[PDB]
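Alright, here's a single protein chain in two forms, structure 1 and structure 2, each given by itself as structure tokens.
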Structure 1
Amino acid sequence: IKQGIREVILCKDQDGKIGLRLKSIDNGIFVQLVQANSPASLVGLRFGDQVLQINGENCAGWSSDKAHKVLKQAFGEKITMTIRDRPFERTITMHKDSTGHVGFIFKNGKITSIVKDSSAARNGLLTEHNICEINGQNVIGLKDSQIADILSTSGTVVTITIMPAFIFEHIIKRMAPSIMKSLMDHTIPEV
């Protein structure tokens, strides 16, 4: 989680798509979904990112509907965006024990308990938090078992990006869960 504001230059695909849905939150604009193999995925936009500006204009107070209208109406040539990195999320680094455990229980991607004397415990992992990413990869809408598989396949150092559930639940509202399983980019970034 960069304390940066960074700028991204986007470019519509063949079909005039950038692969993004935006949500209005406390009078700002936040990324609800990034589609796999989209311009938004390629420039590195992430679930939870705040869009401060689109083409130099301020997003504050905008509705979701208006943000979407703006993206459409613009010339796909270059859409410039001003992005605050994942402001509602934090990252926790954990280390796996000898049994390959970090030390929590989660249900539906939400952490619900912290195992005593775990690394999760030592690092102050919190419950009532939705997991958004593991080791920099988005896991939102994946099954509980597949999140377990990513933690397994992970090397000892486990990095988890987490969001307060009340905030997470506000962001995903009005998005059919299949879209999240099927469309939300769940890939490691390209170099």
Structure 2
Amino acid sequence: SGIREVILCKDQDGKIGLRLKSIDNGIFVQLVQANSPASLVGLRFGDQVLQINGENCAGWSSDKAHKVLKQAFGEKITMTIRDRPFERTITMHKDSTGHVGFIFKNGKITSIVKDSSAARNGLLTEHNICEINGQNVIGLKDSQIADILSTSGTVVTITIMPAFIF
């Protein structure tokens, strides 16, 4: 269902502002720089790249994917994407002290507080926080993540992904 096609146009330098990673004989988006050709086509962290310029990424190493992006042909980089296959959404409600009930280090969930909304909704550890109420938190400081949560109202919708994606 979550399949889409994107056409990327290479920068003045000849770059696209994207880093790819090999996971389970597939290729996934590892990093998207803001205001880059990749950000322009809605490429998100964790998105699976199915093919690049008419070639299946199946079983390509991170090295091969990186080389393919460099040895391309200018204004024409074609991709078929499967939207964040390991993405999950968890809705939580703040308590009276304004907590959802989880602890995190470098955007990764490490513990779930007992008798909290995160406990109730079965939030998992060893999972990276991707978004809070649709806003991207990937690669922000833990304090920037915390400040965003504190300002997200009482209903907090988080997008997560297992740690092995990052």
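In this text, rigid core is short for the largest set of C-alphas that superpose within 1.5 Å between two forms. Numbers given to residues start at 1 and step along the sequence of structure 1.
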property: Which entry of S119, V139, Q32, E89 falls at the hinge, with the rigid parts compared between structures 1 and 2; result: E89
property: Interdomain rotation angle between structures 1 and 2 - two rigid parts, degrees; result: 20
property: Shift in Å of the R46 Cα between structures 1 and 2 [rigid core superposition]; result: 0.2
property: Distance moved by the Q146 C-alpha between structures 1 and 2 (core-aligned, Å); result: 1.3
property: Cα displacement of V158 between structures 1 and 2, once the rigid core is superposed (Å); result: 3.6
